[PDB]
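# Tertiary structure, described
So you can see what is in the structure, the chains are spelled out below.
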Amino acid sequence: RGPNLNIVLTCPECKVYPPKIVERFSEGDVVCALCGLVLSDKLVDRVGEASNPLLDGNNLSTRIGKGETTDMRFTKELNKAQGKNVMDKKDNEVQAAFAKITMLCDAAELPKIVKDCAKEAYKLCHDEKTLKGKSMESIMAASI
Amino acid sequence: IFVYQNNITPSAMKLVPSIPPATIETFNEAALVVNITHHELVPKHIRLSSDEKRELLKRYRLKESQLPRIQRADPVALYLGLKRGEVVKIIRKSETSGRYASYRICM
Amino acid sequence: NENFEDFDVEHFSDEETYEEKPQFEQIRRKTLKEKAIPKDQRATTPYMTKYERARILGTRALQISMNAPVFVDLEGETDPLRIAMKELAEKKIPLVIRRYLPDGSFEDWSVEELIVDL
Amino acid sequence: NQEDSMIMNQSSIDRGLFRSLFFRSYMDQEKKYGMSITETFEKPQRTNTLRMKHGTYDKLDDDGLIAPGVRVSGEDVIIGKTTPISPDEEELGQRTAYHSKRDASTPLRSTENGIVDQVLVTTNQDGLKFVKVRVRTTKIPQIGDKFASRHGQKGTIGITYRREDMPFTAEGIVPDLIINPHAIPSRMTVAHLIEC
Amino acid sequence: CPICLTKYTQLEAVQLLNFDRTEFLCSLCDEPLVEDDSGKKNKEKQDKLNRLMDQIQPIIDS
Amino acid sequence: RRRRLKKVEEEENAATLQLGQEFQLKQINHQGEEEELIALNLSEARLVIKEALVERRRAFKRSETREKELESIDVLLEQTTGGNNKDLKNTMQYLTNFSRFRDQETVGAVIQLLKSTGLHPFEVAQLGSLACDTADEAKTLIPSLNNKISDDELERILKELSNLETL
Amino acid sequence: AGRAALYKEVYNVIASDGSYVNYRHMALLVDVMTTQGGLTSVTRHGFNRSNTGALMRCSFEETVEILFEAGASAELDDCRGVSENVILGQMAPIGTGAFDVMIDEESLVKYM
Amino acid sequence: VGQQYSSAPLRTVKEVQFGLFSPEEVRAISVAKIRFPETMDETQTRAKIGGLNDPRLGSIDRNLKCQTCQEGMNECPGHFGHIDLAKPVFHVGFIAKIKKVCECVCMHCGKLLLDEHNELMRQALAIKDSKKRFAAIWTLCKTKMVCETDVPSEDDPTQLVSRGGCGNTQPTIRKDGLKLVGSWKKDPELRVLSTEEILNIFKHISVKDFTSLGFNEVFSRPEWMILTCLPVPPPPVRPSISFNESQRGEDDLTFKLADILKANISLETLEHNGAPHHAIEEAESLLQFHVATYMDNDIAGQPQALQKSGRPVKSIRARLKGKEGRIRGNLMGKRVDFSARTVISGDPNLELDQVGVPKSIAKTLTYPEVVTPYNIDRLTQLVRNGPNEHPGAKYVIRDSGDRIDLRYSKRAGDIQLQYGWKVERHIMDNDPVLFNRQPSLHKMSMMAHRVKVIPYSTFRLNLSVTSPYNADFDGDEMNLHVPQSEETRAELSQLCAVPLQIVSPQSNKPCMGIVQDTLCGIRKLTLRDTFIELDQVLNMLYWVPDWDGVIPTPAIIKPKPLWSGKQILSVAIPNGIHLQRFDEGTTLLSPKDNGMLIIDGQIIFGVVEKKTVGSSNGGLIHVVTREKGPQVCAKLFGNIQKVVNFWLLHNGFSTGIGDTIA
Amino acid sequence: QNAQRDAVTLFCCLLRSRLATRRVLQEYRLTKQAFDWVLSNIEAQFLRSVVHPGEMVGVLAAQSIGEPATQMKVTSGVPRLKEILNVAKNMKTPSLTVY
Amino acid sequence: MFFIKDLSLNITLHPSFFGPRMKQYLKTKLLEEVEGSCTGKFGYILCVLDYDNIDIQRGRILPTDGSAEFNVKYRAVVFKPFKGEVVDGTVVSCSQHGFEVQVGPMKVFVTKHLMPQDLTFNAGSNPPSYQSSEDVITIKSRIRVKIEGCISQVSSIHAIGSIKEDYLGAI
Amino acid sequence: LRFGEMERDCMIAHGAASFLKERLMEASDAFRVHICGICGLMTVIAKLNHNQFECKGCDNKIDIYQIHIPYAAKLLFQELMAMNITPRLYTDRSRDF
Amino acid sequence: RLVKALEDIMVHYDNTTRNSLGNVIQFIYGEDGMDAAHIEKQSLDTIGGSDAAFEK
Ligand SMILES: [Mg+2]
Ligand SMILES: [Zn+2]
Ligand SMILES: [Zn+2]
Ligand SMILES: [Zn+2]
Ligand SMILES: [Zn+2]
Ligand SMILES: [Zn+2]
């Protein structure tokens, strides 16, 4: 099911599968280790922002802030325009829960690994049928 | 040629455009006390005829806009009474070749 | 990283200073044969220029490097550029030069007829 | 030695003139991105590790860290670190079910070599194990190394002569270093001469 | 092509014909193509058209 | 000149005499002048290609029933054409298997017949190509002939082409 | 006369410290600076405003605004300048590129 | 491996035509309609169909083909998508132009305020170029407040001709952020002008109307200035970087298109499900702001979209303008391969046009040499040498474009070379290479040298060539560039060579001369006191490479054979050179030995000084390079440097603290 | 032809000043072959001194002007050069020289 | 169908063929990749006429690879199909999807939805053909087919045929 | 190594056009892209193995040219397309010099 | 700034000095058409001196 869209780096002369392939990162080449023929040249080894889609999912949101020349009336107008958005309400409350969890961890000086484990434990177990009526304090405490 | 003394009412400027080919040039007395042509920096300006302009464009393979320009407000241009699309041959002293003949079209 | 008092000017770097001061036809037409000036009335120089000689040497050496038939006797010379200079020495380069006038017209000058004085 | 170059005595360089040590420290850390998305300092094996670097892995130990004292060369790995990936993929052809991990190891610099001086293992503030490897090498002075007096008279070594080629006094004293006279008058550095 | 789920008209089916001169192989999936169920619903579209138009005649009269 | 982008134009079709942008009735040759669009019937094309091949054979050398003509043009393509001549070969077998006139005299008779009809070279080439026998068949086979030629003149053209057709 | 005075001022600046520059360089500078009938300053609002190609102008200063104006005005760039050939990566019509190399056949067959 | 062969004709770009996309053209060229603001699938392993990273747009993973062109990184250019906007929005780079056009045109019937029935309008139409004509039209029509449905006749202002126009009142338009407000006059009625209204008006503008405004009819209509179908740039424009091959950090552009899709979906849900009007203007203002900061984050009087780290979102304009922008940082100048950089050192024993290349640099930089019969043996020997030994080769390029690394191939055996193959061999000696010192203010500051492979780590070069480079050996880096083709190699050797640029066109005098120790020693050598004994004379004569092998007769025969310094220095000067210079107090007898006289390349009197062999007009360098040519002048540089440096070596020269003492 | 005559008239003045009959027959004392050699060499060097078409003299002039700026009552120097190139209505020392 | 045209072709002449006699090399290298070559711009070009004199311009040396680029203007016979055209031909292959008819150098496909309903497929018969109550259409059989749609790529042309129109099929 | 503005200026002053072209293309990024003939855009789907070219939206399969531009130039033109600007590239002159 | 001002100005084959647009800057380069590298400072003998020295 679905298209292949897979590129295999096989030597068209040695014809040995699987091929011994050396990736010359310094020389920008991908070569066959047996015959020395290049396969893909001009290889690619900052400009965006780090975002792991495992802790907060594939949420891609940018907020609005003051620039060098910023008028405040449009600033509050855009902030309240972003405030009434419907598709990110579950996203908004799960980041609110993440913020409260991190605030609890930082208020009791726990290491960052515990914050990460608690956040992923909450995310993996958010929106459960068996976990709907329990108090959010208990949910955060159990995650911690 | 109209030589006034101090100033003109704009109610006369609006009717300075008259029936062609009759043309009106308004010259201030104070601006005309000294001939600017006699100044050592101002080179010799020679107005070109239509056939001269055509030959100049033909031999240099030029278009109208590819020539160096002079506006129709330059004091030398007003001195010669230049009109739009009129080319002057400008002969000036060259420190590398003695005589250099440049051309400028009146825009 | 590094902390260097050795004042090295990072180059192509004038936009610090831009931000400091930001406030202050009738003979030839279309693609006719009239662009091709006939040989009798060519008005360009008969002397082959430095850029012309450079590009003829480059083109001839590139061709010789890809087994073009050399039209001069080789004296044991193997470098394509020196073979090209030898070909240019006795006018045996079978090329002509298309000097484009600014209006789009051009003149065709053979390497054989161009005087190589430089 | 013309115009800010020096001629340094190669025999003096052999005897330790301006010879110097160079220590570089490499810090590497294993972190847990979640439950199982973590990495381990370990020596990778070609059977079960994807996207290794072409440098040799033989100088590592069972814990994926090279012992101190071992000589290193260009692009040799000194800290072997691997993290697991999503199993049963299809990438670059040489991908199988054995390749459960990818290589996130730290090689040496491609030009640097030397001796592993000291390997330090510990935990951070967060309790994650992280290592520090100090590599010691020596920079023997050679042609092009920059030297300066105490007077702004910097420059590189032009060439190195042995003792039998340098000029010498009647006492047999050769210079360790020859500067050019042309450094003096334009800069008007008289205190260099007075210090000498 | 059921693998790539991409539509093909009659014109480009000929250039996807194989050496066996029987099947139409997909360019990306390399799988023989299946026939789309369009054209047999032309009578269904005619019935839909008539069943719309007998329900709109009072609007026509108005 | 031409200020070019995707303008409005009709799709290529046979009945509308829209043979594309570059198949116009007026054609500019390599010498620059306007010249009529020339479409050839199967027999005329077969004779033209045969003259071209024997002319190429003569240029190389200086430096009837269906079977014997078929093997003659086969060995002619073998000795004259080089690599990748398969499509030209199958074109020659198609032209010989579907020709209606064998000599240049019959082809010239067809040309001088169809030059005075005043129709398009395209449709008269189609008429010479197809062995139609009924005027209504000719109208329903070549839709450009509708409201273009009278039926009696059309029947005269078909019957005289059938008379001129041999083998 | 403004061009002559401008050359005199530039020459005074250059020869203020006794440095000598050949006349044709400052002559070319003042001829460019006075070719439009006015003192066309070397600014983002001076020479950068003549219709000399959108890519040439955007290479210097105010790049995005110049491309915006070109897109709004549907400006056609003839690609005769150096900068357009730099961005397009093709042979600029300068120096060696200021001509073309045609291949001759008549002298070639005359050779042997 | 290069690129796959293409059957399309290879042409050069002769013209670049600008303009604006029509939304119909955007929908036509789009390969997909992007719906979902998500880029990744719900399983976090594949590309979401209809998302911002749809495979039909292209592919930025090596093991992923593009879904459209079925190619990889090196072949797929990327394919565009589009966004069907819920409401029309303004192009942020055209706010002033929209305002100007709105001041020009009617706000009810979409007609020009002033037609050809006015003299001023007609003379504004007489302006040929679009910008000046549009500026004149705008200045003329910004003061008109009425559509002028009826006007007097142009020939006589007595009768009234009813032109086009509704006669309505055109309001004054000003911008307040990203929206236009119009104040109608009071017989003021101020209200916000909706973008769809302006789009409708601009559609009702006739062809001649915006043609007079400078808008071209198929390339840039003013109606296309309003954005209603935003094209989606492909993932090659906005790649997803990786920090440790485990993170999926996306571009800021992808973040902005996610915001665009979020705002657009919010707006279409609000209009579809019914909403108060202020919610609709709030949502469309948010969408317009997101469009603007996607297109230009730096807007005056406006807040900036910020990343999760709080840094401003790098919009496309930021990627365009600036130093590291596309034009000046990646297009108009760029980083290149086949380059080298190290410190420089002086070498008196190198020729003027010669550079000393380090062996490791020579083992790294390669020149692809085409296989001919003239070099089949040499290239075969270089291939057999391998890339680990200089001289050697690193790659063999076959005629099909296949490139064979010479590592990982000797175990497969040796390779028989064929004619027309390319061998990427190491640069040997006499290879023309470009040699450049930044900042490089002038053309003499980066020139072509000849390679001499030397066994150390420095670019070594002649001392006399340091002046045009403005180079000193206090740790200066200085760049190297190797041409990879015979054409560029030839034009580098014949145009950019060191001897060809001895005489600077800057000040019509030589830019290179005898400098520093060689200048001091050539003054000390040509003094009248300086006499050189036979044993040193023979060594000095042998140090001249082009010495003809005849010992000149001494200036003093008895009681001891002594050669003067001028006599030996004249050996370096080629014959036929005549230089004459008179200083103050200089006669044909020189009591001061000032001035110069050289006859047939023989020094008659005068000490050789900066006025003679320095970078001075009319000196020895200028005369020799004008009468003998550049190669002879370069050989003269080498000869004088060698002989003077040898004599100074065996003579010695110092300075000390006592030299500053009166 | 008029432009060609005007372009060499200073060099023609120099040539006539140097190659006068009095100077040749008195100071230079040239022979027939010496004079023909002189004329041939002058013509050859003049034809070699013509600027080559295709030369980017704009960039050459810009570099030859900007580089001596790097080598550096009434204002002078880099600020004066900036006042000149950025053609400003005001300047530090606006002045006259009345004769 | 068969036209004659005056075409201009751009040919990359390699520098290895810069011998004394480039004219016949240029004519030859014109004559492999034109005879039987398919172009969507002009159809299947079959034979080049006027071989004795062909217009050869002065060739472009490309400034990167050194090859000579000639704009050779030639006259040739072409086979450019169109839609709406009825032609004769012979069937060369058949399947359940339809059958391929050979018209000149072209294999026009007749799809299975484009015969009249009398014809049906019978794979049991050898060769597998289309059989009706009044006629049978087998391999190497005379048939008259009308082309309703032709797709032309840069180097390939495919056509859609049918025999549903009256006075079509076998003659 | 940066072959920046001023290195390019000095190559221009030498007149070394082809070396400059080599530095800008064969030394950094030589990208071959296909463009339509009707529109000047690079919106051409190229199946090189199938030898099929088409610019959908102009519906032409016979008017495609390939050009060699810097990859940064292609990305420039795609960014300008994202600016709703047309960088229409044409392989022939339309206006006389 | 100066380089970007003058980056497109070339001596053409008619020995004129034009920009990219073909607008003529100098009708002959440097008003004399001479390459700058082939220029030497020379003394004009006729302009100097007295009339008696001129005649002598
Ligand atoms: Mg320094
Ligand atoms: Zn292999
Ligand atoms: Zn498929
Ligand atoms: Zn693609
Ligand atoms: Zn109105
Ligand atoms: Zn298109």
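Cut-offs used in this document
- Residues numbered from 1 in each chain as written, not as in the entry; some residues may be left out.
- Chains lettered and ligands numbered in written order.
- Part of a larger assembly, values for the part shown.
- Heavy atoms only, no water.
- Residues with missing side-chain atoms left out of burial classes, pairs and counts.
- Helix = DSSP H or I, 4+ residues; strand = E, 2+ residues; numbered from the N terminus.
- Rg over C-alpha atoms; globule rule 2.2 N^0.38 Å.
- Areas by Shrake-Rupley, 256 points an atom, 1.4 Å probe, with all protein chains shown as cover.
- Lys, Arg positive; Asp, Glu negative; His and termini not counted.
- Charge placed at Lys NZ, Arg CZ, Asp CG, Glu CD.
- Donors = N, O, S within 2.8 Å, 3.2 Å for Na, K, Ca; no water.
- Tetrahedral: all angles 85-135°; square planar, octahedral: opposite > 155°, others 65-115°.
- Buried < 20%, exposed > 50% of the residue type's maximum accessible area, 1.4 Å probe, protein only.
- Contact = heavy atoms within 4.5 Å.
- Buried area = accessible area lost by both parts, 1.4 Å probe.
- Salt bridge = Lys/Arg side-chain N within 4 Å of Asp/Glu carboxyl O.
- Polar contact = N/O pair within 3.5 Å; in protein donor to acceptor, adjacent residues only side chain to side chain.
- UniProt positions renumbered as here; feature names shortened; annotations may be inferred.

For this entry, the PDB record names cryo-EM as the structure determination method and reports a resolution of 6.6 Å.

## Some points on the overall build of chain A
The number of helices and strands found in chain A is 4 helices and 4 strands. When the helices and strands of chain A are placed in sequence order, the string is β-β-β-β-α-α-α-α. Its C-alpha atoms give chain A a radius of gyration of 25 Å, more than 25% over the compact-globule value 15 Å for 144 residues. By its C-alpha atoms, chain A is 65 × 50 × 40 Å across when sized along the principal axes. When the accessible area of chain A is evaluated, it comes to approximately 8500 Å², of which 58% is carbon and sulfur surface. For chain A, the separation between the mean place of its 22 positive charges and that of its 21 negative charges on side chains is 6 Å.

## Points about the coordination of the zinc ion (ligand 4)
Residues and elements named next belong to chain H. Around the zinc ion (ligand 4), the protein supplies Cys66 (SG), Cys69 (SG), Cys76 (SG) and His79 (NE2) as donor atoms, at distances of 2.0 to 2.3 Å. Considering all 4 donor atoms around the zinc ion (ligand 4), the spread of angles at the metal, 93 to 115°, places the coordination shape in the tetrahedral class. Ordering the donors of the zinc ion (ligand 4) by residue number gives the pattern C-x2-C-x6-C-x2-H. One end of the pair, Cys69, is in the loop between helix 1 (23-29) and strand 2 (81-90); the other, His79, is in the loop between helix 1 and strand 2, and 10 residues separate them in sequence. Residue classification places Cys69 among the buried residues on the basis of a relative accessible area of 4%.

## Overview of the interface of chain G and chain L
How big an interface is tends to be reported as the loss of accessible area on association of its parts. The partner chain L presents 24 residues to the 30 residues of chain G that form the contact. Together, the buried faces of chain G and chain L total about 2300 Å²; carbon and sulfur atoms form 59% of this surface. It is G:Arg24, G:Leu28 and G:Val42 that lose the most area in chain G upon contact with chain L, and together they represent 26% of the buried surface on that side. With its nearest N and O atoms 2.6 Å apart, the salt bridge here joins G:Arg24 to L:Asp32. Across the chain G-chain L interface, the total number found is 11 residue pairs in polar contact. Top element by residues in the side of chain G that touches chain L is helix 2 (residues 23-33) of chain G. It accounts for 8 residues.

## Some words on the coordination of the zinc ion (ligand 6)
All names here are of chain K. Coordination of the zinc ion (ligand 6) by the protein involves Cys36 (SG), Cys39 (SG), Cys55 (SG) and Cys58 (SG), with metal-donor separations of 2.3 Å. Considering all 4 donor atoms around the zinc ion (ligand 6), the spread of angles at the metal, 105 to 113°, places the coordination shape in the tetrahedral class. Written as a sequence motif, the donor arrangement for the zinc ion (ligand 6) is C-x2-C-x15-C-x2-C. Taken together, the residues span a long stretch of sequence, with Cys36 in strand 2 (residues 31-36) and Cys58 in the loop between strand 4 (52-54) and strand 5 (64-69) at a distance of 22 residues. This pair shows no difference in class: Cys36 is buried, exactly as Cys58 is.

## Examining the UniProt feature "binding site: Zn(2+)" in chain A
All names here are of chain A. The feature "binding site: Zn(2+)", as annotated in UniProt, sits at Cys11, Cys14, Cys32 and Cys35 in this numbering. Spanning 25 residues, the named residues nonetheless gather at one spot, since no C-alpha pair among them exceeds 8.5 Å. Residue position: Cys11 is located in the segment before strand 1 (21-24). Using a relative accessible area of 4% as the deciding quantity, one classes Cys11 as buried.

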